[PDB]
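Participant: I'd like to ask some things about the structure below.
Each reported figure results from applying straightforward, stated rules to the coordinates on display, with no laboratory input. No Cβ is skipped: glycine too gets one built from the backbone with ideal geometry, and neighbour counts run over all protein chains shown.
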Amino acid sequence: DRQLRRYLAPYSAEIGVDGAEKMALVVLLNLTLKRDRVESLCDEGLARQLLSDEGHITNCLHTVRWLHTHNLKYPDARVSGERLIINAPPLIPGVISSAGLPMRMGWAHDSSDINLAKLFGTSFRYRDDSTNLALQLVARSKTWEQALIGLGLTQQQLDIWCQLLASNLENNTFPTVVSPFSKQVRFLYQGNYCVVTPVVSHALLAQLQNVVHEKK
RNA sequence: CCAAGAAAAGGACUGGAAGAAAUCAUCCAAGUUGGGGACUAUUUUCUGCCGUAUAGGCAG
């Protein structure tokens, strides 16, 4: 059912997977293929086969390096450079912003990672909080690791991935230089001028897509 | 020191043909508008002559 793909989409409400970690790994791995090649996201065999392909998974692990909280390319695909990962600013009583929302990440690098990026960057509700596959494996979450080894992964392959997967989330969180296609505007601040560059919040935009259709 | 600064959407056209809304049908009954009254006020046009003359022309 297409409704499963809808509920796992970035513009839909998050769904719980507690006690279903085995089928969650199967569905999430199966999403890495083009829709024309998959008759069902529930086939354990296809998942066990995809998991054994270190190259396919390696190509998927590589997408983690560009997961972000704020998207510097949103209005204009020409912007080139590094990702941006920042905790939401303190709440201002008179302003609507990401300050009142929980932590979420998205993906945007070369435009050919639409399917391969879905294995680690797809979020879900777990232990009654918002998480994703990359975070549970980096944090050494045993329930997910036990299901993943059960689906055919060698302990030695997992012991190596925990390290490479974690490493991809440990650096390049702030751009080195201002990119040549970004916006720059200047105003007075504390008696002198400062240049401001705006950026769109992933969590805030994704929520708006749901609220306008539900609240009319 | 205005989500900063610059930007040519342009070219060509053929919707045409035919046509039958008809038949009948009844607005009636009575009715009471009605009593009073200053347009002349501080206003100008008055007096002689020619002429058969309330015609028609002139001096003050």
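Participant: As a footprinting exposure proxy, order A:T69, A:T197 by other Cβ within 10 Å, with the fewest listed first.
Facilitator: So the ranking, lowest neighbour count to highest, is A:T197, A:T69.
Participant: Same structure again: For a test of the definition: using alpha carbon positions, the gyration tensor, and the 1.5 limit on a/c, classify region A:56-165 as rounded, prolate or oblate.
Facilitator: Judged from the Cα gyration tensor, region A:56-165 comes out oblate (a/c at least 1.5, b/c at or above a/b).
Participant: Next up: For an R0 of 35 angstrom, estimate the FRET efficiency from the Cβ-Cβ distance between A:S12 and A:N87 and round to the nearest 0.05.
Facilitator: Working from the Cβ atoms, E equals 0.90.
Participant: Then there is this: Along the three principal axes, how long is region A:93-216 when you take its alpha carbons, biggest first, rounded to the nearest angstrom?
Facilitator: The principal-axis extents, from largest down, are 60, 41, 30 Å.
Participant: How large is the convex hull of the C-alpha atoms of region A:11-119 per residue, in Å³?
Facilitator: Value for region A:11-119: 155 Å³ per residue.
Participant: Roughly what would the spin-label model give for A:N115 and A:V212, points 7 Å off Cα along C-beta, in nm?
Facilitator: For A:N115 paired with A:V212, the spin-label model returns 3.1 nm.
Participant: Let me ask something else. What list do you get for A:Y11, A:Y189 if you sort them by fewest beta carbons within 10 Å?
Facilitator: Lowest to highest Cβ neighbour count: A:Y189, A:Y11.
Participant: Then there is this: Got a sec? How would A:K216, A:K183 order by Cβ neighbour count within 10 Å, fewest to most?
Facilitator: A:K216, A:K183
Participant: To continue, here is another question. Taking the Cα centre of each part, how many Å lie between region A:157-199 and region A:24-95?
Facilitator: Region A:157-199 and region A:24-95 have Cα centres spaced 19 Å from each other.
Participant: Something else now. I need the per residue convex hull volume for region A:157-216, using only the alpha carbons, in cubic angstrom as a whole number.
Facilitator: 224
Participant: Now a separate question. Note down, for chain A, the three equivalent ellipsoid semi-axes (square root of 5 times each alpha carbon gyration tensor eigenvalue), biggest first, whole angstrom.
Facilitator: Those come to 34, 20, 17 Å.
Participant: Counting other Cβ atoms within 10 Å of each Cβ, which GluC sites (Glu not before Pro) in region A:1-54 have at most 14 and sit in a DSSP loop?
Facilitator: A:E39
Participant: Ok, one more. Between A:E170 and A:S97, what is the spin-label point distance in nm, taking each point 7 Å from the Cα along the Cα→C-beta axis?
Facilitator: In this crude spin-label approximation the distance works out to 3.2 nm.
Participant: Which FRET efficiency value, to the nearest 0.05, do you get for A:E39 and A:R127 by plugging their Cβ-Cβ distance into 1/(1 + (r/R0)^6) with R0 = 35 Å?
Facilitator: Efficiency for this residue pair is about 0.60.
Participant: Per residue and in Å³, how big is the convex hull formed by the alpha-carbon atoms of region A:1-47?
Facilitator: Cα-based convex hull of region A:1-47, divided per residue, equals 80 Å³.
Participant: For chain A: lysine pairs with Cα atoms under 19 Å, gap of 8 or more or different chains, count?
Facilitator: Close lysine pairs under the 19 Å cut-off: 4.
Participant: Turning to a different aspect of this structure: In whole Hz and in residue order, list the ³J(HN,Hα) couplings for region A:34-45 that follow from phi through the Karplus curve 6.51 cos²θ - 1.76 cosθ + 1.60, θ = phi - 60°; x for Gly and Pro.
Facilitator: So the Karplus estimates, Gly and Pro as x, are 4, 3, 4, 9, 10, 7, 7, 7, 9, 7, 4, x Hz.
Participant: Same structure again: Report, in degrees rounded to the nearest 10, the 0 to 90 angle that the Cα long axis of helix A:21-30 makes with the longest principal axis of chain A.
Facilitator: The angle comes out at about 80 degrees.
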